[PDB]
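First residue of the sequence shown: 94, per the entry's author numbering; consecutive thereafter.
Backbone N, C-alpha and C fix where the C-beta goes; we use that ideal spot for every residue, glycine too.
Working notes, beginning with the structure itself.
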Amino acid sequence: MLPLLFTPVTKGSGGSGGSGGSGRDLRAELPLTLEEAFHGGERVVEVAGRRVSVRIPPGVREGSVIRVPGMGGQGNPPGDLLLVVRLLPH
């Protein structure tokens, strides 16, 4: 379940007087090599079949989560993005 970038979370926990589900939080584990983490360029990730490039920070490490507000939940309400950098053995 859930590819890279993309993570189909729901939001209906609560109640006021309508749909309380603005902004889907897509948390995907980002497999990132040591050279990739060192240089901090872009990494091409496949979100629901869409080829996009996400910019990774230079000197990023294992367990570092890249929070990008608005780029996550696609569609009508822009949601939060969480890419938890998982360093590949090199």
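Anyone know if the C-beta pair for residue i and residue j falls short of 7 Å?
i    : j    : result
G165 : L174 : yes
State the start and end residues of the unbroken alpha helix (DSSP H) segment that holds residue i.
i    : result
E128 : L127 to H132
Spatial neighbours of residue i within its chain, please: C-beta separation below 6 Å, excluding the five flanking residues on both sides.
i    : result
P170 : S115 and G116
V158 : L175 and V177
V140 : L98 and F99
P96  : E139
Let's see if you can read the secondary structure: which residues bound the beta strand (DSSP E) around residue i?
i    : result
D173 : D173 to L180
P162 : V158 to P162
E139 : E135 to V140
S146 : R143 to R148
Would you decide whether residue i is buried or exposed? Buried here means 16 or more other CB atoms lie within 10 Å of its CB.
i    : result
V138 : buried
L127 : exposed
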